[PDB]
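1. Before I ask anything, here's the sequence and the deposited coordinates:
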Amino acid sequence: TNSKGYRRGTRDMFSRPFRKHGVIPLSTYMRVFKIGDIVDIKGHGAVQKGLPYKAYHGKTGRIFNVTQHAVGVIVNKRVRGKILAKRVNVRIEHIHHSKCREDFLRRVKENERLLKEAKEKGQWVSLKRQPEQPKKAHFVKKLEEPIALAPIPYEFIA
Amino acid sequence: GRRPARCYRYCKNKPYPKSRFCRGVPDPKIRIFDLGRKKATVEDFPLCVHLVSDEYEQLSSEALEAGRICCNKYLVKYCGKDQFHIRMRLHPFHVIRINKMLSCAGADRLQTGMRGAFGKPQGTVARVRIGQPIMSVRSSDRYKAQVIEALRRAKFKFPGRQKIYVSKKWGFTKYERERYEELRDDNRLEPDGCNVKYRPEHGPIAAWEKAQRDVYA
Amino acid sequence: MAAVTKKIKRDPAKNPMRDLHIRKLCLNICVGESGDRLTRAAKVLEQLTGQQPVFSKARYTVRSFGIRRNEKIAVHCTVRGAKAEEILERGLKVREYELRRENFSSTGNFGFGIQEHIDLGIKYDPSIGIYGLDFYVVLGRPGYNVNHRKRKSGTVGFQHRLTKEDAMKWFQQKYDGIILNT
Amino acid sequence: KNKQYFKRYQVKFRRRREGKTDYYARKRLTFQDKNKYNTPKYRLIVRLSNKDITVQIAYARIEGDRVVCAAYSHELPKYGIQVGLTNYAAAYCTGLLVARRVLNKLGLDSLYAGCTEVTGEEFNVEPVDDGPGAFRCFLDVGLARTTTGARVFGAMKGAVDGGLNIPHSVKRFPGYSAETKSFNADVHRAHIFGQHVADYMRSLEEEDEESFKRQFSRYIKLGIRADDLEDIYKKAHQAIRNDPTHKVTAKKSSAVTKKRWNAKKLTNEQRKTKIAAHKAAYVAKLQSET
Amino acid sequence: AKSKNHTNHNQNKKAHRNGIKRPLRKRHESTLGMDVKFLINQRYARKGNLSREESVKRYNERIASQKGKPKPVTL
RNA sequence: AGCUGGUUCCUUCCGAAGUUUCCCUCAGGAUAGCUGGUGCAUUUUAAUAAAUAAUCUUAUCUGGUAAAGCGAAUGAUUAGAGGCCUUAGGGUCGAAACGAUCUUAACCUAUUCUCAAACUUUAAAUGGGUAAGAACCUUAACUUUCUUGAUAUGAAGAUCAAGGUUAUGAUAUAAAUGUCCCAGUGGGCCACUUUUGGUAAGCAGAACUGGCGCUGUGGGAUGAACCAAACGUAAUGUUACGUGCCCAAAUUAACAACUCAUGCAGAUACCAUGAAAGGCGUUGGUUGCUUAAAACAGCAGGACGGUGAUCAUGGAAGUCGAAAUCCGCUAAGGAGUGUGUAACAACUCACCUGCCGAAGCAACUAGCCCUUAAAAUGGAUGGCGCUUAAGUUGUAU
RNA sequence: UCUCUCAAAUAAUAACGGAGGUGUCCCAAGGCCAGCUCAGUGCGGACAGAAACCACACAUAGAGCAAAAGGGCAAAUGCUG
RNA sequence: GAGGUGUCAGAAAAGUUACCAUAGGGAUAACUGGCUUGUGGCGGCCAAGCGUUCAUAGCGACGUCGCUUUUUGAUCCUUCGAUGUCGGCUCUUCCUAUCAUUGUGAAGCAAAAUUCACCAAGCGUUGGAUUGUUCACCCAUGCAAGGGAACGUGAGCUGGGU
RNA sequence: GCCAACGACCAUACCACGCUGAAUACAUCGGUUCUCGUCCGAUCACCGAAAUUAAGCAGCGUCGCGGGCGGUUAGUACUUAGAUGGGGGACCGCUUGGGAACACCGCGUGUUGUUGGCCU
């Protein structure tokens, strides 16, 4: 009957992968973590204090507490069955800022530029992101010679 | 003596190595994977002819023995022992397990019914893939048919359709039948033991000096 | 192995400050039992250099050599500067300046083993009972600091590096020692 | 040994290969309380180099460590100490140099004037009541040797007396009688003013005068004998307070060649042709041989 | 009489029926595990703020008379 | 009495679960999940969005499976080749040699063979988190008996001002929320896919998902579950599965092959079985041959001599077997493919010829059929019957 | 109750599935700091041989950290004060 | 805070019932049938060898593919508000993988004789000693005393074993 | 460029074998009163006088050893999704999406933050 402890299956979760071996280098702390910023939790198993319990590895939350040597990140974790909210106190040695958020911020500044540029052009804005549409009337010039070549196959050979 | 091989013909299970966890595995019945004039320079026997499996099945060590024995006997008897390199490119490092039905003396009490049915290790099997080479056999160009006939008779000892392909490759060396002539009729290949050493360029000047001098001398 | 090397037109390339000083001569008396015999063994080192010998505990229970772990099997003293030179020369005579070409290590260091320590000074004093000596002389290059040091630890040399040949040459020079092949 | 070993060798960071930094001491020294968010912590870093005493205030950032003040003992001939820039004395002066230069650019001159009479007494600089609290600086020795009587700590005493709040127990300053503790305060002063350097002069000036001819020359050549050393170091302390010289460079600047000097990296066209020419020469040698 | 231990069969059907249901981006901000102190002077912050157009204007008038703070950011 | 049996009218609407946990619990409860009912608050998700919920996409994280690897750590392993080194243990030439030369071993090197669920650097797919804006961003400044700093900064609360288009895509059957602590359930069963134990099972047990449970109808002849499809009551129209007839429907007003079956020829997924291995049956393929100086089948005709050359002698001149194996004469004939006298010998085939003077021969591939393929009340493509099919493959109405 | 695997690369995940362990052990094998460099190998050193102590070079964790196993670690989390 | 219930979310607990009783259970054994077929039985494929010679007349290693379901396990679907154990007596019909008989092909079958294989179950396959016994083991005859399926067959017997 | 100190990322920085390193300098490298630490002033503590860029360190070279990245390998492997597709099964074609790895090949062999100095 079952699995259950805490460290179940974490041979490769807490594995430092080849040539990244040792003492967690200082840049990790140098990043200032501020309440409301989106953070990704990545289990570093060499920093054994403030360990993010195995379900929380690559489950990403927003910061609602900063404490003297822990960052309290609210990960919303799918239960059987009512999404309860968990404040997990985990260290910065395991906590890395999500640049999922920066994409949003880059957009505000870009949208404001496009808005201004368009307004000074008079018309028109259309700053909302449209995914890759079936494109265009494509002219291929030979140049550099007509095509043609067909293909295949003699693919025997065991 | 060990059931019969239908039960283990198919690759059903997560492959069991001869491991520090399996300890107790009976010795592989296959000892010698290379019988021949193995000591012959690659230039002497320019043919390779293969038996290649066209099926995802497992060939037993028991089957492998029999096929080797067939190949040796036909080549040695008709065409003299030292004219061939027989390499069996299939080693049996997967362990067959049998849960014997231990009730002894119709006496039961604790038996073991299906409970716990843990297989003990009885046997060794090679796991074989479509276009995996079973046999590779080296010969001189006048001994083509004799190689092929030896291979034909080895097929039957093994479960599930195998076919003979005559490789355009010079022996056990990778080089297609043009390519080792391009290299050995220049200065570029020098002899290793059933193989050839490179033709390098890597590396670099110091190594190149010597190689060029050795062929020329 | 493959260089645009040259040996550029600088002028001669001698051998300046890096010349060959002696790191330590460490003497050991190895006695298979502790108690009184070990203490008596200590007397022999202690008087010779004047410097008090330190003891090191048995790593393990070998038992075939009838030793148990942390028995305090044997005593040794390391000697550096002035007293190192005098004691080395004294034991050299006892050994005969005829060593062997092996006695020599690739880190250019050399050893003797001698019986009768009484040959180099030390009165017979019959309560102490005659002890053989192990000589290991580590030769270094003056300013060996680099590969020893706690902060700014660097790995020695091209040239520097003491070899068997370098150490045998130094031996041949001063002391006029015969390298003597068995 | 072996192609094979080199592959799996996960060889130490970078400064562990240079043996300068163990990284373990570095973790503890830098690692801020996270609930002190963007605050630059303040490390005093002392390295003893065998003719510089270099004391720098540094902080960590994600791009690299940022140094706010740097003092070299090669700054001390301005303040009149031409000689013994390896000294205990020169350490106390270099520590005062950093401390004061830190207080000069960062406007804390009038408050926190640090132990002005320098009586070597065991004082960490007390926070001035109803004033914002003075620079808390932390000792990075790194791998520097945690040794009683070190110039590492002679610099720290001088930095404290320069006004900085450096938490330290008194043990690692020079002259502390181990059995018992028992802080000898006279001895503490003597190291500052180079009296010990001067004692080295005085005793052997009668006896073994080989050592003058060698060691502690320049003191002959500038007429600064033994008793005069005490005054130069006391008046270097006054001169450092007075002036922060800051140091400016007007140079411009050649990255390229001058003269030899970086041997312009042998183009792929050059390498290949040379390699062919070797194979060409080897064929030529064998033709001569035949 | 071997029953069956553990099927997660139909659990995921069950969940989507009446939704597993994400809560809220609370503009009215929840607390717990804030190191007691912030909370104490957060309480004081709210209180001391009493309201406010004159309060900001009087302290702006202080900052122009004082000017103030070249020292703080560099230390 | 937690057990078994039974429980008394109807219609309408919605509609389960055999799972979680704990329990002398495991034939049962409680509990959570699923279920209904009762409603409530607001609908730019509301009555004449710049607020979301949750699915794609996008952007931003995670992972050690599949695969790959072993000349990458760990764990297994095969083959030669080349070698230092006295590390050699034997020998030969040596009294002996750290002498020359073989021989064989530990290591060492570059290759090479083969593998892992309890190995993995590497490393997918499919998965799982967070974001895609007025609950946003940016400018400016207030409290701080704190945390905190030589900062009444930062960190929050937060006041004030700036902003073209609200800043992926479909949608919302309106959604969220509360009460009942509600029943019913706590015995599951089956299939695709993935899998563990087991030879296996209509077997025991997971992962994901759908059914069945609670589901007929049409279809699979039949059938709880497979297919198609979810059913108010009817007309008319059209589909899935089929179309000789049974049985609604072209023995097609189309078409090209394949197959002829003496004892389950064959006849629609699941599926009610069929192989390993064979076939100069038949059918289409692939490759290599002999050859106009007449070939290939098939007759005619030589098949010897140097020389019982010779070793096995038990007997072998060619031939129970073999080291071997070349000349000569030549058109060509193996010191020999067999038949066998115990031998000699007589026969044979290669080799070359007379005729044949232009076709054919060998080794492979795989369809149907046949062999393999035998079992028991009489018997089953579901039936009749079907052979240029009503079979089998493909194709068109 | 716990590790590794099963477990199908988030997490969850069962069988009388596989390989195993837990009821204790410890004032350090806790806590902290300083110094050190181990597994293993090469080479020297009477007594010393393959292994004793002494000495140097190399060496990504191959050791050691009570114990099961798997993670982690090299001026340490190990070892020694 | 400690002392503890290891059935470890926490009863305080020994046997036996073939003298038994009840409430139930095909959620569950024994037993018929069904799946399976390792194990059993029967039949092949390849062929190293046996066999004077000559691999296959008759045989056949090491291997390997099946079929049968009549061995025995594995299972528990159905049956426990009852499906009448085993044998022997009696009586049935079929099946072959044919021992005999018919007609035949093989043979290292000369004759005699037997062995192998085929179409074939139309027709035989028995009388006893002992065992409860199928099975087994023996005796005797006849050219020959083949093997299986409906766990056949207890309102048919017997009740001998169980 | 170089050098220092302090560092980030973390082998393009390692390894191996040579060559070279001017100047402010690290280093090489010396002395042992004192403090202090060591069996030993090797380290460590101190004094900084005489030498030297050989080494560390740095750079430069190397068809090296290793390490990075891209292609190549390979749309293969593998796999999601589908069929009243095939095959006796084992499994396998097709069809809609996604997509490796070893290897081989090419090209690089530390870059850069702060702060001070030196500049060939």
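-> Arrived safely, thanks for sending. Numbers count the residues shown, from 1 in each chain, chains lettered A, B, ... in the order given.

2. which SS state does residue E:40 fall under?
-> helix (DSSP: H, G, I helix; E, B strand; the rest coil).

3. Report how many residues lie close to it.
-> 10 (other Cβ atoms under 10 Å in any protein chain shown). No exception for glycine: its C-beta is placed from N, CA and C like everyone else's.

4. What sits closest to residue B:82 if chain neighbours are left out?
-> residue B:37 (4.2 Å; Cβ to Cβ, 6 or more residues apart in numbering or on different chains).

5. who touches that neighbour in this structure?
-> B:45, B:81, B:82, B:83, B:84, B:85 (Cβ atoms under 8 Å, 6 or more residues apart in numbering or on different chains).

6. next one: residue A:39
-> A:33, A:60, A:61, A:62, A:63, A:71, A:73, A:95, A:96, A:97, A:98.

7. quick one on the thing from earlier: the contacts of residue B:37: which two are farthest apart?
-> B:45 and B:81 (13.3 Å; Cβ to Cβ).

8. what about the two, which has more around it?
-> Neighbours per residue (other Cβ under 10 Å) separate residue B:45 from residue B:81, with residue B:45 holding more: 22 against 12.

9. Could you find the closest non-adjacent residue to the more buried one?
-> Per Cβ to Cβ, 6+ apart, closest to residue B:45 is residue B:138, 4.0 Å.

10. wouldn't the one you found be in contact with residue B:85 here?
-> Yes - under the criterion of Cβ atoms under 8 Å, residue B:138 makes contact with residue B:85 at 4.0 Å.

11. Now the phi/psi pair for the closest residue to residue C:164 other than its chain neighbours, please.
-> Closest residue to residue C:164 apart from its sequence neighbours, by Cβ to Cβ, 6+ apart: residue C:104 at 4.0 Å. The phi and psi torsions at residue C:104 (degrees, to the nearest 10) take the values phi -120, psi 140.

12. Show me what residue C:104 is bridged to.
-> Bridge pairing for residue C:104 (DSSP bridges) gives the partners residue C:110.

13. And it, how far from chain E?
-> Separation of residue C:104 from chain E (Cβ to the nearest Cβ, to the nearest Å) stands at 63 Å.

14. contacting residues for that residue?
-> C:110, C:164, C:167, C:168.

15. follow-up on the earlier one: so the residue nearest to residue B:45: helix, strand or coil?
-> Per three-state DSSP, residue B:138 ends up strand.

16. In contact with it, which residues are there?
-> If you count contacts by Cβ under 8 Å, 6+ apart, residue B:138 has them with B:36, B:40, B:45, B:47, B:48, B:84, B:85, B:87, B:171, B:172.

17. mind running it again at 7 Å?
-> B:45, B:47, B:48, B:84, B:85, B:171, B:172 (Cβ atoms under 7 Å, 6 or more residues apart in numbering or on different chains).

18. Can I have the buried ones of those residues as a PyMOL selection?
-> Listed next is the PyMOL selection for buried residues among the contacts of residue B:138, using 16 or more other Cβ atoms under 10 Å in any protein chain shown:
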select buried, chain B and resi 45+47+48+84+85+171+172
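
19. Let's have the contacts of residue B:138 in TSV, adding secondary structure.
-> Shown next, in TSV, are the contacts of residue B:138 (three-state DSSP):
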residue	secondary structure
B:45	coil
B:47	strand
B:48	strand
B:84	coil
B:85	strand
B:171	coil
B:172	coil
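
20. Can you verify residue E:43 is assigned to a helix?
-> Yes - assessed by three-state DSSP, residue E:43 belongs to a helix.

21. now what about stretch B:91-100, what contacts it?
-> B:3, B:8, B:15-18, B:22, B:25, B:28, B:30, B:33, B:61, B:64, B:117-127.

22. Filtering the contacts of residue A:39 by proximity to RNA strand F, which remain?
-> A:60, A:61, A:62, A:98 (Cβ under 7 Å from any atom of the strand).

23. Looking at chain E, which residue is nearest chain A?
-> residue E:15 (4.1 Å; Cβ to the nearest Cβ).

24. Relative to residue D:247, how far out is that residue?
-> 70 Å (Cβ to Cβ, to the nearest Å).

25. before we move on, what about residue D:201?
-> From residue D:201 over to residue D:247 (counting by Cβ to Cβ), the distance is 32 Å.

26. The two: which has the busier surroundings?
-> Ranked by neighbour count (other Cβ under 10 Å), residue D:201 and residue D:247 place residue D:201 first, with 19 against 9.

27. I figured the more buried one hits residue D:226, correct?
-> Yes - counting by Cβ atoms under 7 Å, residue D:201 sits close enough to residue D:226 to count as a contact (3.8 Å).

28. shared neighbours of these two, which are they?
-> Counting by Cβ under 7 Å, 6+ apart, nothing touches both residue D:201 and residue D:226.

29. mind listing what's buried in the one helix or strand residue C:36 maps to?
-> Using DSSP states H and E, residue C:36 maps to helix C:35-49. Neighbour-count burial for helix C:35-49, with 16+ other Cβ under 10 Å as criterion, is recorded at C:38, C:40, C:41, C:42, C:43, C:44, C:45, C:48, C:49.
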